[PDB]
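**Q** Model the structure of this input:
(6 chains)
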Amino acid sequence: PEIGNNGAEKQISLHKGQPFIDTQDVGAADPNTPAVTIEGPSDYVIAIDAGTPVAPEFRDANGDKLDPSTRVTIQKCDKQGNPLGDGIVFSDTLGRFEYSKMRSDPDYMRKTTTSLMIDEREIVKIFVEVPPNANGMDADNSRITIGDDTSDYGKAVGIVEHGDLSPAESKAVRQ
Amino acid sequence: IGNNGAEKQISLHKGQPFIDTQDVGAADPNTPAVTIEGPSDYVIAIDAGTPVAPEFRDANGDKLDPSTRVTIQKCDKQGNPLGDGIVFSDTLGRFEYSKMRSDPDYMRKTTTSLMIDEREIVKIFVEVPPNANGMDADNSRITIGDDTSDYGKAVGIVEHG
Amino acid sequence: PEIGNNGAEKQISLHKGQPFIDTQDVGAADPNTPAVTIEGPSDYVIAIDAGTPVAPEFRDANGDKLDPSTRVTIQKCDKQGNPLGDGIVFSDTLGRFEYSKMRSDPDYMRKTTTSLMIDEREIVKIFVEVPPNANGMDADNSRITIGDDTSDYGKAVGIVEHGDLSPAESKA
Amino acid sequence: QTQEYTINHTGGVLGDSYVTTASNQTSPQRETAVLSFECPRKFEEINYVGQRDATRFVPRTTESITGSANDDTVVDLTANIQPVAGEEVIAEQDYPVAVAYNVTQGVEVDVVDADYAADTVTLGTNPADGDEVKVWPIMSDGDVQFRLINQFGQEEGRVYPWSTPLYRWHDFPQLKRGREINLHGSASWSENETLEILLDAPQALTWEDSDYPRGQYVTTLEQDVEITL
Amino acid sequence: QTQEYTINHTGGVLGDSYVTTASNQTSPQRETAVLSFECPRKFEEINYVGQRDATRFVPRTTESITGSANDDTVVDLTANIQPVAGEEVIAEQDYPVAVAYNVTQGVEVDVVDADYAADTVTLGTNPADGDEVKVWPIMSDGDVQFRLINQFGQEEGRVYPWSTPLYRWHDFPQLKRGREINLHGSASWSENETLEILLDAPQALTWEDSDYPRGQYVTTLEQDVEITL
Amino acid sequence: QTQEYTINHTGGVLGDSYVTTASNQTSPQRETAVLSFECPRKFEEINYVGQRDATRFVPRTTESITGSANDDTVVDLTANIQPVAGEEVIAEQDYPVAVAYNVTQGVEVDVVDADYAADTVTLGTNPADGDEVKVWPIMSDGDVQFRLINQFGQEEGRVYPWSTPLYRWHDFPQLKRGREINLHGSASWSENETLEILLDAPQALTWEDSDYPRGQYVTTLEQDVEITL
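**A** Residues are numbered from 1 along each chain as shown, chains lettered A, B, ... in the order given. Sure, the structure comes next:
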């Protein structure tokens, strides 16, 4: 057998069924909570470029799409669930995706605005603003995906083991 | 009249325009019970040895569970908190509200210095344990700084212009 | 408030709901009658480049498309409604547009042939040749559009106020 | 420093106070002000650029009918009508051209097709006599534009002289880069200064009905902007 | 010398011997080995490259019900469900999300729609009481991966560390260049060395049923490879 | 970087998971572990210094009686008793030495005085026969101490060798700088490492009763610490 020594900067993507991610249900008129939480695993470094695709595909408990006036906001945080204004990306509305062809089509493929980085212990949150008198989010059917592996279109999330590279700490301090 | 210095000494409280409050229930950390904002073209300064004095009450006119927690905290614009710059992460017990402001011994001061640029925010988060009574804004009061007193300190203010 | 001093050469497009344009119904085998008339407003100058998109979307009174053997001809005119041989553009057929994706698609986007200009008082007409024993045009549902604002594809109609530039008279 | 956000007809980054909505007027055709956004205290300034910032604006109207014994299955309208970017077919559109709701039977009502030439639309169901109905068809035959206000209801300028028709606005397929809409003009303002989004059209549009299935707020605006923190 | 072939879950260039299939396991969630390909005697070597070699893998499962007097016309499932690349509609998909077959009435059974939110699906027909049924719905909530074996059942390495979910695998429209799937990793092996394609998921997939209309072998794999003669 | 926080017997900066409480043991006098705090994932490290960091720890116990026809108005106890920092008077103390609650009459019960020499206390009210009562008097005759655990229930050291008596702890007036309590020792730990606060005393203390008027959690701890973000 033979396998190629693939580069440390591995091309990956994020989704629900992973250990360093979590979600929880949401009601209405309810900005403060992360519907979805992400955290940096230990001794790893994640990198999200500016042209990274984004793809929330939330649902209602009865299996429906929500009010497109709903808003989604990805946002970086300092440790301790402490958000920060700078570094925010993807302040979008829940409408205007066409989930059917969303990831499928590079046109519909909504990318981020600016670059981003996740040091080994950091947080990225996904806040949601639903107008009142509306239905709530259901975590069983909701989903997030970011990055585009497995396609000549779109970009992919970079990852690297912190212990391999020597300037990994330099890039971590650089943020 | 003797021309007073620009670095004027004041004390803060509820009945002011650049402050606000709102009722709180139970287990509601994110909601600020009290909000403060920097007025226009002024600069506020709060030293490290500045007294602090909350007087939160229940709707029926009673003190709350002293296991309750209070946290003063600076915030970036857009209601955004910060880890650095926080001061006075204290409990709601251990004040002796009767002798709190009057006795310097029972008077509680802050931990580190602080500053408020012209457009900035300071919030006062509260953590109440569940199965407890909520906060009532009609009876609650805040004071920081001790004007007209030998002990304690006073909040500095200055016109930016 | 602050607004940027946008250039005088403004990028615009033409359509039915404007004052300096008009239309009138058409029957069958009526080339001389213009279905649509355009005129230059006062103290303005319009410019239509050669790669300008074109988009007639005529209809029948019952709400149908007409015989694609029908012909459309944009044509410049001297004053007094008088046509001209030179300066004409877009002698095309009414078929072969696929109005569904016509403006949508840069492929279906049919452009003009040569450049064009409209001095302050001039006319551009749109003659139509329908074969006989066919249905007539209905102005309520018909429409013209030319130029492509609001898209990185296509070109736009240039306009300028005559009273701003000094060599506008020389260009006219 | 600088970011690229979206702003909506409700809340968003502002907070539902320094927005305000309003309907148009029907009998006097006038350049009403249907929406307006006031720069809040906290921001430094807002910018706005054409051919840089995308946009979306889905308006509608409202009309009503009266149930009858006769099997209607079709209603006329008071508004010019066309499909969403053109097509005879329903459920292929980027969104439904029209929605209908029965007060008695608190259910949606599908749509089969329409003539799209005269002010006409089909209904798939068979409404009963006396039943109350509401419908939110597409809107047409209008103009939209921008203007700035310096804290006082006192205009200083205009973003772009020439209005763009909402008719055309519906005609283009939205939300496609390359085919995305991008108006002209380069505006910028600061604290407590307002941008007004204005409407000139006959038919009475809506913002809220409280009985519309596909979301609470019927119409919508979603514009890209650049902000200095 | 070098060529670019396709290889399938049966026969092909190999000859049905140096393939082997297998099902997964349900109660212990474990990284089973559902397929494996052993380089035959005749070849010199095989290569495999990501972002160069396309792929397809359509899995399913099997379930059964019992006829009843009541007009069911709907069945729950034990597997998470979604449409093929997303759509509410049937017969527009690249392939049917689900297939059903009646043992008694040896005929196909169409599908109308489904909720696609809970483990649900509709049936267009009206099964009779006592009639036996089989269904081969889509599969979901799994992971797929590769590994190499040096003739002995003795691993030496792994093509790519991180698993890709079959869920996503179904989500992308397959068989479109630019949108085609292309995993990562650059493997190569030689005579009698094996590549194992491994599965980690709860639901029991299938390879053969002998009563499935749309072909004999229910599921399928079709991978591109490079070969040195 | 560094801050000066308070930490409590519930939640606080930790989140109610990486705290744990526990009662002591009575018949075998043993150095139980009544409280413990585990450094969470998110912090970098925690420090702890004596003569720098203030403290508070108000413990109590629980006892019960049985109503009788005779006018008791006094109860003995199983715990040594004294006033809060010394005084014969009630309602002058920093806090009540003792609290009583009647199950039947769901009301507080005041206190007049006590001998404070033997295990005695007065009641101001006149309990009825058969009525159930609870009382949460002060606690005495104990020792408190600290120790560290390296993720495994496996001690490595001890903050300060010599225990301080809770008796004395109640004796000093708390929450006065200059008179504030400040133990000795300089500890520090990191992620998932635990500080255990340990008790050696006979009487059974409490943490929760669900029928105590002056707050939900009867006892309390409030300690100052230094944290590296």
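**Q** For residue D:168, give me the backbone phi and psi.
**A** Main-chain torsions, residue D:168, degrees, to the nearest 10: phi -60, psi -40.
**Q** who's in contact with the residue lying closest to it once chain neighbours are set aside?
**A** Closest residue to residue D:168 apart from its sequence neighbours, by Cβ to Cβ, 6 or more residues apart in numbering or on different chains: residue C:15 at 6.9 Å. For every residue, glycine as well, the C-beta is placed using N, CA and C. Shown in contact with residue C:15 (Cβ atoms under 8 Å, 6 or more residues apart in numbering or on different chains): C:21, C:143, C:144, C:145, D:165, D:167, D:168.
**Q** rerun that using 7 Å as the cut-off
**A** By Cβ atoms under 7 Å, 6 or more residues apart in numbering or on different chains, residue C:15 lies in contact with C:143, C:144, C:145, D:165, D:168.
**Q** What's opposite the fourth one in the beta bridge?
**A** For residue D:165, the beta-bridge partners are residue D:143 (DSSP bridges).
**Q** Could you verify my assumption that it touches residue D:143?
**A** Yes. Taking contacts as Cβ atoms under 7 Å, residue D:165 lies within contact range of residue D:143: 5.6 Å.
**Q** Compare those two (neighbour count), which wins?
**A** Taking neighbours as other Cβ atoms under 10 Å in any protein chain shown, residue D:165 and residue D:143 compare with residue D:165 leading, 21 against 17.
**Q** for the more buried one, what are its contacts?
**A** Each residue near residue D:165 by Cβ under 7 Å, 6+ apart is listed here: C:15, C:17, D:142, D:143.
**Q** continuing past the helix or strand containing residue A:11, what's the next helix or strand?
**A** Under the criterion of DSSP states H and E, residue A:11 resides in strand A:10-12. Remark: after strand A:10-12, the chain's next helix or strand is strand A:21-23, criterion DSSP H and E.
**Q** mind listing what that following strand pairs with, with the direction of each?
**A** Strand A:21-23 has the following strand partners under DSSP bridges: strand A:34-39 (antiparallel).
**Q** Check the offset of the partner strand from the chain's centre.
**A** How far strand A:34-39 lies from its chain's middle: 8 Å, per Cα atoms, centre = their mean, to the nearest Å.
**Q** Secondary structure element holding residue D:167?
**A** In this assignment (DSSP H and E), residue D:167 forms part of helix D:166-171.
**Q** Name the surrounding residues that touch the helix or strand that that helix is followed by.
**A** Once helix D:166-171 ends, the next helix or strand along the chain (criterion: DSSP H and E) is strand D:186-189. Residues from elsewhere that reach strand D:186-189, judged by Cβ under 7 Å, 6+ apart: C:1-4, C:6, D:39, D:45-50, D:148, D:159, D:195.
**Q** after strand D:186-189, next one along is what?
**A** Next helix or strand after strand D:186-189 toward the C-terminus (DSSP H and E): strand D:194-200.
**Q** For that next one, C-alpha coordinates in CSV please.
**A** Only the C-alpha atoms of strand D:194-200 are listed here, as CSV (Å, rounded to 0.1, in the frame of the first residue of the first chain):
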residue,chain,number,x,y,z
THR,D,194,-32.4,59.6,7.5
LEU,D,195,-32.7,57.8,4.2
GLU,D,196,-36.2,57.7,2.9
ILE,D,197,-37.3,55.1,0.4
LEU,D,198,-40.2,56.5,-1.6
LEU,D,199,-42.9,55.1,-3.8
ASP,D,200,-45.0,56.6,-6.6
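**Q** Kindly calculate the angle that the next helix or strand after that strand makes with strand D:194-200.
**A** Using DSSP H and E, the helix or strand that directly follows strand D:194-200 along the chain is strand D:220-228. If you take axes from the mean of the first three to the mean of the last three Cα atoms, to 10 degrees, strand D:220-228 sits at 150 degrees to strand D:194-200.
**Q** Check which residues of strand D:220-228 are buried.
**A** D:220, D:221, D:222, D:223, D:224, D:225, D:226, D:227 (16 or more other Cβ atoms under 10 Å in any protein chain shown).
**Q** Kindly reformat those residues as JSON lines containing distance to chain F.
**A** Formatted as JSON lines, the buried residues of strand D:220-228 follow (distance: Cβ to the nearest Cβ, whole Å):
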{"residue": "D:220", "distance to chain F": "39"}
{"residue": "D:221", "distance to chain F": "40"}
{"residue": "D:222", "distance to chain F": "36"}
{"residue": "D:223", "distance to chain F": "38"}
{"residue": "D:224", "distance to chain F": "35"}
{"residue": "D:225", "distance to chain F": "35"}
{"residue": "D:226", "distance to chain F": "33"}
{"residue": "D:227", "distance to chain F": "29"}
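**Q** thinking again about what came up before, for the contacts of residue C:15, work out which two are farthest apart.
**A** Taking Cβ to Cβ as the measure, the contacts of residue C:15 span a maximum distance of 12.9 Å, between C:144 and D:165.
**Q** about what we covered before: show me which of the contacts of residue C:15 are buried.
**A** C:143, C:144, C:145, D:165, D:168.
**Q** Tell me which stretches of chain A form strands.
**A** Using DSSP state E, the strands found in chain A span residues A:2-3, A:10-12, A:21-23, A:34-39, A:44-48, A:53-56, A:71-78, A:82-83, A:89-93, A:110-111, A:116-118, A:123-129, A:144-146, A:157-161.
**Q** So what are the sheet partners of the second one and their directions?
**A** Just to be clear, that refers to strand A:10-12. Strand A:10-12 has its sheet partners listed here by DSSP bridges as strand A:157-161 (antiparallel).
**Q** now the angle from the partner strand to strand A:44-48?
**A** For strand A:157-161 against strand A:44-48, the angle by the same axes, to 10 degrees is 160 degrees.
**Q** can I get the strands of chain A in CSV with distance to residue D:18?
**A** Converted to CSV, the strands of chain A look like this (distance: least, Cβ to Cβ, whole Å):
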stretch, distance to residue D:18
strand A:2-3, 59
strand A:10-12, 41
strand A:21-23, 32
strand A:34-39, 26
strand A:44-48, 32
strand A:53-56, 27
strand A:71-78, 16
strand A:82-83, 22
strand A:89-93, 17
strand A:110-111, 27
strand A:116-118, 29
strand A:123-129, 16
strand A:144-146, 31
strand A:157-161, 37
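**Q** Minimum distance to residue E:152: which of those strands has it?
**A** Nearest to residue E:152, of all the strands of chain A, is strand A:2-3, at 16.0 Å by Cβ to Cβ.
**Q** In chain D, what residue comes closest to chain B?
**A** residue D:42 (4.9 Å; Cβ to the nearest Cβ).
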